[PDB]
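Asks: sequence, then the experimental structure. Questions to follow.
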Amino acid sequence: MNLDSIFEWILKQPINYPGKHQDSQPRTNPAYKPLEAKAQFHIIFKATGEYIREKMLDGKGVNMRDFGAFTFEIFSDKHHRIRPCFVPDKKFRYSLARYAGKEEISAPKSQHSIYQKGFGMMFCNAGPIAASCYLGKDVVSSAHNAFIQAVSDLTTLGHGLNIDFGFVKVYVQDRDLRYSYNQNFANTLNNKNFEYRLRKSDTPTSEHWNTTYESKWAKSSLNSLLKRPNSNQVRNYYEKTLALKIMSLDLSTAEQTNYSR
Amino acid sequence: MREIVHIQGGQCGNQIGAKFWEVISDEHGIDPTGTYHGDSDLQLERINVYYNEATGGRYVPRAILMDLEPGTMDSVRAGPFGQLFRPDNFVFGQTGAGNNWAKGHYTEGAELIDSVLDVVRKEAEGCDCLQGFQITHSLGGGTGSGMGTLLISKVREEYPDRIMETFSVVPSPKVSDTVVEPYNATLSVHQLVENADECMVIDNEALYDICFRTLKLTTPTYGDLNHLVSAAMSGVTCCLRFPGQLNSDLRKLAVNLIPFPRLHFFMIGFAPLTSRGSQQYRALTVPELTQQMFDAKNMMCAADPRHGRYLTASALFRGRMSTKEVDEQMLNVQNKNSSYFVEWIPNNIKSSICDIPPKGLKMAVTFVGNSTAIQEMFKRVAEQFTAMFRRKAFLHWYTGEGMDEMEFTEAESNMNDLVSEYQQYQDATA
Amino acid sequence: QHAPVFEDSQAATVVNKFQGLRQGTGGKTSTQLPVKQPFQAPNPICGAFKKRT
Amino acid sequence: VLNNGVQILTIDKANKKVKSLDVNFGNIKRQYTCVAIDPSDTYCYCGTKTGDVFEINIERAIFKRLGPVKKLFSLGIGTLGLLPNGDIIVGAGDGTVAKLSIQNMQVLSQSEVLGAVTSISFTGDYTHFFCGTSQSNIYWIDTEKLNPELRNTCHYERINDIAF
Ligand SMILES: Nc1nc2c(ncn2[C@@H]2O[C@H](COP(=O)(O)OP(=O)(O)O)[C@@H](O)[C@H]2O)c(=O)[nH]1
């Protein structure tokens, strides 16, 4: 499994995994042509992989809702040690059979769920991803819900999953699970500039209403994955070909000959 | 037959359900031990609508209680009639939401909701033939306003054909006990208009006003408010449970009351309500019942219905009365108030009769009305929402766990469009 | 190796009309509305014919 | 495209001489008819009378792959075109439209057309292209779903006589 064999495997059976992901969906922006069911699914995963990295660049950590949770540890002491762990969810844990239940993050008894276990846990709202892909919120949620059903594949013998989607490279053996992180990404975490991100009082608390979300989103890393086509050109071609084909039925009629030239 | 199940979430929903179940058990003559102590057969003719039978002859309500904190259900279990509820139906969190819609709709609630959705699916599968689902909740609290509406979406998207209604308690700005009513209220309404087949709004300000002005009792209490709202709730489904000249279930009410999909927000009234000093003086007749029913002050919402034009009205009478006088009174009221009834829907009053009155009363009336006066609630909610939003006040609490301003902007725009489309039909003419 | 560029591949038959945010299934309680189909675990085929390494 | 194989030619403005280099194949003597070029110009895809589409990088004379696996088109490669995504549309002599992604050479969709294909012309935005047969038939073929639709048909050859 190379994160793509999963794509064809899930696309092969629609009855097992019925959803909006199985077929192409119109975009919210007419300037963009539609994608395939398989292609849009890969694009959604690239968008999510970048969304999680830019969230993890801050003190806030992201989790998948049924497939693990991306966290980091703070041992504590112009400066703290940060190390990512990627704990799995309980449903993913049950499917694993030989995976030892070793604890990688330690919390007291009052700290039970991952939301308070992690420092800055995130919902991973699929709204920004849907906006970036110009795709539907419902269909992107359906794609996530369909893909998180990898435990069914895992339960079958063998079938090692090597899923990457960017900085984190995570491998699943028969029942053994391991992971690795990008060395440069890890070094960025130890670049010791996170003292400002950890504290919430660094901002002068004035720009919260001065700065607009459009300005903040323009400088955000997201929305730069896909090139922007020429808006004039796209519907010029669109209505142009539409007229051409809607009245390309007959070639015989001339009504204007131009004999000599 | 054609039974329904109850689900309540949050402190407000739990308090409403506690009194509603007491009222229905009292009306059916069920002892707090679950033992039948009624006097007529009719108290068992249609008991399946709300109660499931167990060995030993006892009954259990088919209600599911959900919350992110255990205190409310721990307190309500000790109250009268508290042993009826099946302890497995209680699902509770260990963290709480702290009146945050994001907390009560995204983080802890979604991982809690698997168990409650599973018990709901067992409850639905067990019963013979579903009729629908009913919810009671308040929009001023984060956990209730989150789990309530998210479960609405889940159950609606799972049983698209069954009817679905909610008693929603909307926060009035006059009596506001928190500082974050507009945010979660608008967010909840954004998807409530999408999924709720029927929504009926209740105002605490209006409850206080009616308690002080009509009953004229010295000390209003949440128990009295629960009693009033529970009587209103039971008046809706009385005819579904008892015989009558013209029965009308929730499906018939919904068919007759909504002209368009996106106008499913209603305001309700109950009669009679007579003051302390005047119970012996007033005479219970159909004209008196109708004139109190159409009184603006008898309303449980602060919206004045004379600021707009009634789209339609529906009345459920309880007791023994000849339908001729009822029809006469409805026609007379409609003729005498042509200014307040929009014209392209002539004869826009539905009437239904159930021959079993409430215990201790000979006649009663329940009212539901679709009118344009409700727009001012949304207008003022949007006003406070944008007033607190233009400075980005308290936005970090929401944005720290999955929220972006795009969702807030979309909800505001959607509710504004809802107001606009609700208001053009007021000015529409034939 | 080689792989097609996934952003540029295009679907023509599907139209570009967008349903928008505004919709409404409330008040649409007709008996003919479609119902969600839950996921089903596939048949376990096991390894009675896999290679033994 | 020489009958023997592929040749790359170099013209220089400095000297009128033309430099010829031959693309070599290991024990392959398939004959080549049509050719198309990657917009990146890194590769060129050439047809064959047998029915498989070979692909050769311009920089090196080696060929990287064979083409469609387990399937041949039975009358050669009449017309060849490329989409912006890299998918190649190929027309067979017997009359057949198929598209191959840049992956294992397996068809995503396949369809048949009357008469031998002779022309494929992609419209602007690369959708819903035009097809011209050897039997004087004009067809319009949608992309990502090969459904043949006849816009206009013409006479084959040599009308001899007309009657009323
Ligand atoms: N009718 C009624 N309303 C209540 C009760 N308790 C609270 N409320 C209303 O609900 C609002 C606060 O709701 P809240 O407790 O935050 O809801 P929760 O977060 O789901 O528990 C207040 O404005 C009250 O007016 C009750 O027992 N009965």
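Replies: Yep, that arrived. Numbering: from 1, shown residues only, chains lettered A, B, ... in the order given.

Asks: now the helices for chain C?
Replies: With DSSP state H, there are no helices along chain C.

Asks: can you check the stretch 101-250 of chain B too?
Replies: For the stretch 101-250 of chain B, helices defined by DSSP state H, counting those that start in this stretch occupy the ranges B:101-102, B:108-126, B:142-158, B:181-195, B:204-210, B:222-241, B:250-257.

Asks: so which of these is nearest chain A?
Replies: Shortest distance between chain A and these, using C-beta to the nearest C-beta, is found for helix B:108-126: 6.4 Å. For every residue, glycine as well, the C-beta is placed using N, CA and C.

Asks: CA atoms of the closest one as CSV?
Replies: The C-alpha trace of helix B:108-126 is given here as CSV (Å, rounded to 0.1, in the frame of the first residue of the first chain):
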residue,chain,number,x,y,z
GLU,B,108,-16.0,16.2,23.2
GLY,B,109,-19.6,15.9,21.9
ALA,B,110,-18.7,14.1,18.7
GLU,B,111,-16.8,11.4,20.5
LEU,B,112,-19.6,11.1,23.1
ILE,B,113,-22.4,11.0,20.5
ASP,B,114,-21.5,7.5,19.2
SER,B,115,-23.1,5.8,22.3
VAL,B,116,-26.2,8.0,22.3
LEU,B,117,-26.8,7.6,18.5
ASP,B,118,-26.4,3.8,19.0
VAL,B,119,-29.0,3.7,21.8
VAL,B,120,-31.3,5.9,19.6
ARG,B,121,-31.0,3.4,16.8
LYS,B,122,-31.9,0.6,19.1
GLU,B,123,-34.9,2.5,20.3
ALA,B,124,-36.0,3.3,16.8
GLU,B,125,-35.5,-0.3,15.5
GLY,B,126,-37.3,-1.9,18.4
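
Asks: anything in it near chain C?
Replies: No - Helix B:108-126 stays clear of chain C (C-beta under 8 Å from any C-beta of the partner chain), getting no nearer than 10.2 Å.

Asks: and the gap between whichever residue of chain D sits closest to the ligand and residue A:27?
Replies: Residue nearest to the ligand within chain D: residue D:144 (49.6 Å; C-beta to the nearest ligand atom). To residue A:27, residue D:144 is 15 Å away according to C-beta to C-beta, to the nearest Å.

Asks: what about the spatially closest residue to residue B:245 that is not a sequence neighbour, how many residues close to it?
Replies: In this structure, residue B:245 finds its nearest non-sequential neighbour in residue B:353, 4.0 Å apart by C-beta to C-beta, 6 or more residues apart in numbering or on different chains. Look at residue B:353: counted by other C-beta atoms under 10 Å in any protein chain shown, it has 21 neighbours.

Asks: hey, what's residue B:353 bridged with?
Replies: residue B:246, residue B:317 (DSSP bridges).

Asks: wait, isn't it in contact with residue B:321?
Replies: Yes - at 7.1 Å, residue B:353 and residue B:321 qualify as touching, with contact defined as C-beta atoms under 8 Å.

Asks: residues in contact with residue A:149?
Replies: A:10, A:17, C:39 (C-beta atoms under 8 Å, 6 or more residues apart in numbering or on different chains).
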